[PDB]
């Protein structure tokens, strides 16, 4: 049995019109996702790779769309952080079950300045600050209750804490994108962009 469950109309005029500027398509799709109530449309399955080219994956949230790509925050000492600092190339996929749409985002992640990290940190609900402050993301957790107790002590403040060392913001500066829609008669609609010396090259891909 085919696994697709999407039933919401998902207009894809861009597959016909081939807009020159793919970030407009990204904005169009994300705005529509917000308006129709897609659940967690910005949950990005982000892939990085280690020193030997072995991929790793996890979900991160896209916090902003920038001129050059998409932005997310994480811990520098995490697996993804360590991998990106050595090999900036990454790829992430958005998949929206309700509309049977995928967006694939490929590019190089760049760590943004601390001033930007400071701002992103302050924009998080302060209830998130204690655990993010005590946790060394992705290192082994030796004592669960100890971590719980330490966070609870910091939570007493009931206000913002200093940005932890290692809390950082990456901009994934895009070099290619794909927009995927279910299409008609299983001719899935794949619109592929690749950065060129000036602007972008645009192609349709076979499903």
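Positions refer to the first chain, counted from 1. In this text, rigid core is short for the largest set of C-alphas that superpose within 1.5 Å between two forms.
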Just give me the stretch that moves more in 4 other deposited structures of this protein: 153-161 or 174-182, judged by RMS C-alpha distance after a core fit. 153-161
Highest mean C-alpha temperature factor of the two stretches 141-149 and 169-177, which is it? 141-149
Compare the mean C-alpha B-factor of 97-105 with that of 73-81 as given in the PDB entry, and name the stretch with the higher value. 73-81
What third of its chain's C-alpha B-factors does residue 17 belong to: lowest, middle or highest? middle
Residue 163: which third of its chain by C-alpha temperature factor? highest
Compare the C-alpha B factor of residue 40 with those of the other modelled residues in its chain, then answer lowest, middle or highest third. lowest
Here the Cα B-factor of residue 189, set against its chain, lands in the third termed lowest
Of the three thirds of the chain ranked by Cα temperature factor, residue 91 occupies the lowest
